[PDB]
Amino acid sequence: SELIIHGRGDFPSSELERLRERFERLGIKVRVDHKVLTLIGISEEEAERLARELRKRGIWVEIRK
Amino acid sequence: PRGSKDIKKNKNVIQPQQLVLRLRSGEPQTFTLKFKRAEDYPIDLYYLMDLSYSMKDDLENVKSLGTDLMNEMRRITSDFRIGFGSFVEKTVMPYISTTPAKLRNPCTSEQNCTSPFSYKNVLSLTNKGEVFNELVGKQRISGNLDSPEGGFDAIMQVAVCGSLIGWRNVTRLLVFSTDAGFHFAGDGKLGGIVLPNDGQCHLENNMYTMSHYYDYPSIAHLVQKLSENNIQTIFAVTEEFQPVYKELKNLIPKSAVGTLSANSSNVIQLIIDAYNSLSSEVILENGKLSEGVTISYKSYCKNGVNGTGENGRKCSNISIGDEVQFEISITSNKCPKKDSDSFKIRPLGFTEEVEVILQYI
Amino acid sequence: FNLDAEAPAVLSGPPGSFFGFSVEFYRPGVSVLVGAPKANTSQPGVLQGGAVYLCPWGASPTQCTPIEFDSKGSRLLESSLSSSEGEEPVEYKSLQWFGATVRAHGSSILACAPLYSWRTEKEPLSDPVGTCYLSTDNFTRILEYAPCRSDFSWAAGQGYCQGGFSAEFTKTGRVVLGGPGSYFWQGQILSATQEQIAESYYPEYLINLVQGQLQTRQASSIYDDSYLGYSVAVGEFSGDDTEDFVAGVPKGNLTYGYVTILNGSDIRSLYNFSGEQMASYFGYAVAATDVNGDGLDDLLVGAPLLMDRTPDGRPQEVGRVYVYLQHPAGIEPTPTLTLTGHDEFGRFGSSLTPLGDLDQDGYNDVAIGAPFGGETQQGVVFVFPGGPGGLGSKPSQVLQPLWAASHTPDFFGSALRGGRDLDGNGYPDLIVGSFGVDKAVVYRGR
Ligand SMILES: *[C@@H]1O[C@H](CO)[C@@H](O[C@@H]2O[C@H](CO)[C@@H](O[C@@H]3O[C@H](CO[C@H]4O[C@H](CO)[C@@H](O)[C@H](O[C@H]5O[C@H](CO)[C@@H](O)[C@H](O)[C@@H]5O)[C@@H]4O)[C@@H](O)[C@H](O[C@H]4O[C@H](CO)[C@@H](O)[C@H](O)[C@@H]4O)[C@@H]3O)[C@H](O)[C@H]2NC(C)=O)[C@H](O)[C@H]1NC(C)=O
Ligand SMILES: *[C@@H]1O[C@H](CO)[C@@H](O[C@@H]2O[C@H](CO)[C@@H](O[C@@H]3O[C@H](CO)[C@@H](O)[C@H](O)[C@@H]3O)[C@H](O)[C@H]2NC(C)=O)[C@H](O)[C@H]1NC(C)=O
Ligand SMILES: *[C@@H]1O[C@H](CO)[C@@H](O[C@@H]2O[C@H](CO)[C@@H](O)[C@H](O)[C@H]2NC(C)=O)[C@H](O)[C@H]1NC(C)=O
Ligand SMILES: *[C@@H]1O[C@H](CO)[C@@H](O[C@@H]2O[C@H](CO)[C@@H](O)[C@H](O)[C@H]2NC(C)=O)[C@H](O)[C@H]1NC(C)=O
Ligand SMILES: *[C@@H]1O[C@H](CO)[C@@H](O[C@@H]2O[C@H](CO)[C@@H](O)[C@H](O)[C@H]2NC(C)=O)[C@H](O)[C@H]1NC(C)=O
Ligand SMILES: *[C@@H]1O[C@H](CO)[C@@H](O[C@@H]2O[C@H](CO)[C@@H](O)[C@H](O)[C@H]2NC(C)=O)[C@H](O)[C@H]1NC(C)=O
Ligand SMILES: *[C@@H]1O[C@H](CO)[C@@H](O)[C@H](O)[C@H]1NC(C)=O
Ligand SMILES: *[C@@H]1O[C@H](CO)[C@@H](O)[C@H](O)[C@H]1NC(C)=O
Ligand SMILES: [Ca+2]
Ligand SMILES: [Ca+2]
Ligand SMILES: [Ca+2]
Ligand SMILES: [Ca+2]
Ligand SMILES: [Mn+2]
Ligand SMILES: [Mn+2]
Ligand SMILES: [Mn+2]
């Protein structure tokens, strides 16, 4: 249902800024408290695909049902 | 009969350089000596740059800052020494992912990164800037787990490792770059490290090896060693972490905090201001004096401050563009020999010197 | 002033084993427990697994036999012991610092292993959750309690929890554990009674969820690197009889640090106590006792790295200890009294402990450690007496090691524990850890 991305612990914030820009360009709403980027209202298949891609990139992400 | 005075040869800025004195018994002869400092100060600088994974966004700024700093050192002073080092964090379990795969490349799998290292002295101090530009350009990032980085170990080793780093008896500077906070003493207990940092130099092959054996140093320890070695620290930290390092600046005397960005004017301006504020002391010496001859000194320091006796030989505050005036009186109780004599009066640690010729009637 | 410092009983363990790193009493007769983080163990394939030594009292204190809390070595991995090439331990018990925190209450014992780490089945990541064993009813049965060994794998969750870093037993037997490294080093306080652990125990599955467990919730990302739970203590601050938790946060507020008081039934923060100086470890060690004898517990907070200007203006590292007295309305935010060290790099206030009514005047006393104090930097332990106006500002007694200084620091006074009538003569006694030279001296009150 929801995808969480953690840009913390010795990680360049420019990465999180560019992911926020990329997802926002595709119309998926995005919010962030300080560096915890999350996606709201995303389908299960799309969320799983994005999570797999980001894990391949090496970012730690979590999926919430 | 009476004494006389005259100057043989004089030069404009040590204004008088050759004069002859026709002394007499019981009649002092006094002459003036004007000094103005013109030699440029010598300077040493060591640039310490973070290289944790958080530096990926800021690496270009660090490199450009290095080149601009070298250019300013060349432009401002004719004598300069420059070198640099790097650091990420202690190499123990809580601070680095210790799985065998991630020792090879703690960054992401796609990227290639060098393995972590507590501290690596890349280049000892040297007077040639071309190697500094060439070698800084080859640096590559390295990975680490926790957001704070172990820079204080690097600062400790740089402060205490005198000969290996190449520090000399000269004004010293140390530019520190980082995108994240800092560890300090007491953090090592998480990784089972409890021995406090002894402050000794444990560099082997230009690398810190006892990172896993000694805890981080406390700020008081760091302050003590920096003050002992007379190193002025300049923190070229990112705009994000300005408040924490500003609070740190109060504890450490004689330091300033700049801003790290594509535009590097702030830290350069701090360097120039630090150079301009330097000052020296002028102390006048003289060669061995013949018996039956006595000398005295007077000092006219800046702001009208004046001294006599021993204080006449010394002026404890002088900077570029400043000048001082000395009054020296020479007296003789007899005439040891008809033939004249030559004596040299020069300030300590300078090449320029005065020659005085004494004649006894 | 009556601790018999002329010839205290001395205990010694194997060399280079950090014997005496953490000490505690035991009284199911009476005996003294000593932790040995680096001592070798007989379990197979474990290098420096660590052990806890039981040194009985009354007889000649010279047995000091170890306790076989565990015997199985590094446990293997299911689906890799067979149908795969080679073995792969699922948990790495080597260098786990077992026994780094020995706490006992009645017949139960808790021995935590902060550095225990384990490779997950889903992915090969290895993280140090830490684990604690729990003996119950005089070693009748032993339960492994590892609440941070949950399904949240990486440091983003409870992966790097290092649970069991600091622990304490409440009056009702409820266990408390301080995990500093949970949630990107935000820290976490975990607790659950012995009954709940026994009910939810299931050794077959490495991942077990204890029913009724209480734990702090994850906070915003701004609070990273707080190290909450670096040091833990318990006292009655909420007015109700239920014991309330106290947790140290040495790096919570721009490294100034603070100490929190958590409700003992919900873990909702009740008070905050800000630090004084940047990077001082305000919260290195905490304690709660009734120093002024009013009947309400009073907080004490350590700060070893605090520096102050010398008489000539030179800054020096002395350390400081603060005292907050609980008025009937509620604890004040400012420190009612502060005690400062004298030795440079002394780490004064790095280990606190109540002593009970040692002087026997109706007022409780307190002992404050100083691992690197003294002329030779061997270490020193002070004893500050209580009184109606609060804790006295002049140490009543000063305790130093008898043996000559070696080539390495002794860390004398780095771990203390007192307030139990060990000798049985009706006065409290003190145990001082000296793990630098692998010794743990015991003092007795005349
Ligand atoms: C003593 O000092 C300490 C340290 O300053 C204080 O502790 C911190 O106080 C702050 C402020 O009160 C806390 O932040 C608030 O936390 C609560 C509770 O959050 C938890 O429960 C939520 C229940 O709804 C839950 O949603 C949260 O989880 C989500 O959100 C967090 C973000 O925190 C996110 O990281 C998670 O992944 C989840 O997505 C969490 O489990 C929360 O209700 C508050 O939310 C407010 O948010 C905005 C402002 O951010 C506001 O507009 C809203 O209306 C809402 O009120 C806020 O996040 C913090 O958690 C405390 N702990 C720490 C470690 O920082 C303590 O309070 C002081 N005590 C005293 C007595 O002074
Ligand atoms: C627990 O037991 C293990 C295994 O017996 C001990 O391992 C030993 O550790 C020491 C130091 O870490 C090693 O010492 C080195 O030995 C070589 C040759 O033996 C010597 O040339 C070196 O100078 C150094 O002294 C030692 O090899 C190693 N193994 C053995 C069998 O001793 C470990 O030290 C024990 N731990 C404690 C706290 O006693
Ligand atoms: C960095 O920014 C500062 C301020 O924005 C620039 O400062 C100006 O520099 C020019 C010459 O480079 C001067 O003529 C101006 O007087 C300066 N103004 C101020 C307010 O400082 C600086 O130039 C920038 N750096 C670079 C390399 O362009
Ligand atoms: C509680 O357990 C301890 C540990 O076994 C008992 O103390 C001694 O343990 C050693 C083995 O380590 C035995 O050899 C001794 O015989 C034990 N003491 C006695 C008096 O038997 C202890 O006895 C146990 N508690 C009780 C009440 O027996
Ligand atoms: C600490 O928490 C306890 C409960 O966990 C509070 O005590 C009572 O809790 C019940 C519910 O369990 C409430 O209905 C009561 O209202 C609580 N008592 C009061 C006086 O409100 C206790 O209040 C909490 N501590 C503080 C200081 O509020
Ligand atoms: C967090 O730290 C800040 C900075 O120390 C505190 O803000 C003020 O800090 C100064 C220190 O120079 C104190 O004199 C003030 O009293 C502090 N302000 C207040 C309102 O007390 C801030 O208080 C700290 N907050 C917490 C929760 O620890
Ligand atoms: C110092 O000497 C200068 C030069 O003679 C004179 O003008 C000035 O008044 C003197 N000041 C003092 C304080 O003696
Ligand atoms: C030292 O000399 C400089 C320049 O001559 C002057 O600005 C300064 O006031 C003098 N005194 C001190 C204490 O720096
Ligand atoms: Ca309560
Ligand atoms: Ca009280
Ligand atoms: Ca008393
Ligand atoms: Ca007694
Ligand atoms: Mn970093
Ligand atoms: Mn960055
Ligand atoms: Mn780090």
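Residues numbered from 1 in each chain as written, not as in the entry; some residues may be left out. Chains lettered and ligands numbered in written order. Heavy atoms only, no water. Residues with missing side-chain atoms left out of burial classes, pairs and counts.

Header annotation of the entry names cryo-EM as the structure determination method and lists the resolution as 3.19 Å.

A. Spatial organisation of the packing of helix α1 (residues 59-76) of chain B against helix α8 (residues 265-276) of chain B. Residue and element names in this part refer to chain B. Here α1 crosses α8 at 30°, and the two axes come no closer than 10 Å. Judged by the angle between their axes, α1 and α8 are roughly parallel. Where α1 crosses over α8, the two elements pack in a sense that is right-handed. Residues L65, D68, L69, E72, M73 and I76 of α1 pack against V267, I268, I271, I272 and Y275 of α8. For the contact of α1 with α8, the per-class residue count stands at nine nonpolar, no polar and two charged. (Axes fitted to C-alpha atoms, helices over the stretch in contact; angles between N-to-C directions. Helix = DSSP H or I, 4+ residues; strand = E, 2+ residues; numbered from the N terminus. Parallel < 35°, antiparallel > 145°, perpendicular 65-115°, else oblique. Left-handed = near helix turned anticlockwise from the far one by under 90°. Contact = heavy atoms within 4.5 Å. Nonpolar A, V, L, I, M, F, W, Y, C, P; charged D, E, K, R; others polar.)

B. Fine view of the site of ligand 1. Contacts to ligand 1 come from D33 of chain A together with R217, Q218, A219, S220, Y223, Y258, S269, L270 and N272 of chain C. Mapping the residues adjacent to ligand 1 onto the chains of the assembly identifies chains A and C. Interatomic distance of 2.3 Å between a side-chain N/O atom of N272 of chain C and an oxygen atom of ligand 1. Summarising the interface, the protein chains cover 40% of the accessible area of ligand 1, which totals 1200 Å² for the free molecule. No other element matches the three residues that strand β20 (residues 269-274) of chain C contributes to the shell around ligand 1. Classifying every residue of the shell around ligand 1 by side-chain character gives four nonpolar, four polar and two charged. (Near = heavy atom within 4 Å. Polar contact = N/O pair within 3.5 Å; in protein donor to acceptor, adjacent residues only side chain to side chain. Areas by Shrake-Rupley, 256 points an atom, 1.4 Å probe, with all protein chains shown as cover.)

C. Here's a closer look at the interface of chain A and chain B. Between chain A and chain B, the contact holds nine residues from the first and 13 residues from the second. With both chains or domains summed, chain A and chain B bury close to 830 Å², and 46% of this area falls on carbon and sulfur atoms. The largest contributions to the chain A side of the interface with chain B come from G9, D10 and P12 of chain A, which together make up 57% of the buried area. The tally of links from chain A across to chain B stands at zero salt bridges. Only α1 (13-25) and α2 (44-57) of chain A provide two or more residues apiece to the side of chain A that touches chain B. Of the residues belonging to the side of chain A that touches chain B, the class tally is two nonpolar, three polar and four charged. (Buried area = accessible area lost by both parts, 1.4 Å probe. Salt bridge = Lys/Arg side-chain N within 4 Å of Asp/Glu carboxyl O.)

D. Seen up close, the interface of chain B and chain C. In this complex, chain B contributes 31 residues to the contact, which on the side of chain C involves 36 residues. Note on chain B versus chain C: buried area summed over both sides is about 3000 Å², and carbon and sulfur give 71% of it. Inspection of the chain B/chain C interface yields one salt bridge. Of the charged contacts in the structure, one is a salt bridge between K251 of chain C and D187 of chain B, with a shortest N-O distance of 3.0 Å. Taken together, chain B and chain C are joined by seven residue pairs in polar contact. Among the residues forming the side of chain B that touches chain C, the class breakdown is 16 nonpolar, eleven polar and four charged.

E. Geometry of the nonpolar core. In this structure, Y119, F182 and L248 of chain B are the most contacted members of the largest nonpolar core, which totals 67 residues. Among the elements of the structure, β4 (43-50), α4 (151-160), β7 (171-178), α6 (219-229), β8 (231-238) and α7 (242-251) of chain B together with α1 (182-185) of chain C are those that each provide at least two residues to this core. It is α4 of chain B that provides the largest number of residues to this core, a total of six residues. Residues within four places of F182 of chain B in sequence aside, it is in contact with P148, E149, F152, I219, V244, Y245 and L248 of chain B together with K251 and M278 of chain C. Formed by 48 residues, the second largest nonpolar core is a distinct cluster that contains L37 of chain A together with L45, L69 and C107 of chain B. (Core = buried A, V, L, I, M, F, W, Y, C linked by side-chain atoms within 4.5 Å. Buried < 20%, exposed > 50% of the residue type's maximum accessible area, 1.4 Å probe, protein only.)

F. Layout of α2 of chain A. All names here are of chain A. Helix length check: α2 (14 residues) gives 20 Å between terminal C-alpha atoms against 20 Å at 1.5 Å per residue, within 8%. Tucked inside the fold, the buried residues of α2 contact β1 (2-6), α1, β3 (36-39) and β4 (61-64). Positive backbone phi, approximately 105°, marks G58, located one or two places after α2. (Expected span 1.5 Å × (residues − 1).)

G. Region of interest: the site of ligand 6. Residue and element names in this part refer to chain C. Neighbouring ligand 6 are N253, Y256 and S274. Taking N253, its side chain carries an N or O atom lying 2.3 Å from an oxygen atom of ligand 6. For ligand 6, the accessible surface in isolation is 570 Å², of which the surrounding protein chains cover 31%.

H. Spatial organisation of the UniProt feature "binding site: a protein" in chain C. Under the present numbering, the feature "binding site: a protein" in UniProt falls on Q218 and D225 of chain C. Along the polypeptide, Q218 of chain C turns up in the loop between β16 (214-215) and β17 (232-235). On the basis of relative accessible area, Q218 of chain C is assigned to the partly exposed category, the value being 40%. For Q218 of chain C, the residues in contact, after removing those within four places along its chain, are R8 of chain A together with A156, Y183 and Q186 of chain C. As for its placement among the helices and strands, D225 of chain C is situated in the loop between β16 and β17. Setting aside its immediate chain neighbours within four residues, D225 of chain C contacts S147 and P148 of chain B together with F184, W185, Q186 and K251 of chain C. (UniProt positions renumbered as here; feature names shortened; annotations may be inferred.)

I. Here's a closer look at the sheet that holds strand β10 (residues 126-127) of chain C. Residue and element names in this part refer to chain C. Ordered by their spatial adjacency, three strands build an open sheet running β6-β9-β10, and the pairing between neighbours is antiparallel. The open sheet has two edge strands, β6 (91-92) and β10, and neither has a second partner. Summarising the sheet, β6 and strand β9 (residues 117-119) pair through two bridges and their orientation is antiparallel. Looking at the pairing, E91 lines up with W118 of β9. (Pairing = 2+ DSSP bridges.)

J. Representation of the side chain of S22 of chain C within the structure. Mapped onto the secondary structure, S22 of chain C falls in the loop between β1 (9-12) and β2 (23-26). Ignoring any residue separated from it by four or fewer positions in sequence, one finds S22 of chain C in contact with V34, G35, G99, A100, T101, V102, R103 and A415 of chain C.

K. Structural context of the pattern of salt bridges. Scanning all chains against the criterion turns up 28 salt bridges over all chains. The partner of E72 of chain B in a salt bridge is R75 of chain B, with the nearest N and O atoms 3.1 Å apart. In this pair, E72 of chain B and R75 of chain B both sit in helix α1, three residues apart, roughly one turn of the helix. Given a relative accessible area of 18%, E72 of chain B falls into the buried group. What makes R75 of chain B exposed here is its relative accessible area of 59%. Across the pair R103 of chain C and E168 of chain C runs a salt bridge, and its minimum N-O distance is 3.9 Å. Of the two residues, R103 of chain C sits in strand β7 (residues 101-105) while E168 of chain C sits in strand β13 (residues 166-169), which places them 65 residues apart along the sequence. Overall, the relative accessible area of 16% leaves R103 of chain C in the buried class. Overlapping salt bridges bring together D70, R75, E91, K93, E144 and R149 of chain C as one network.

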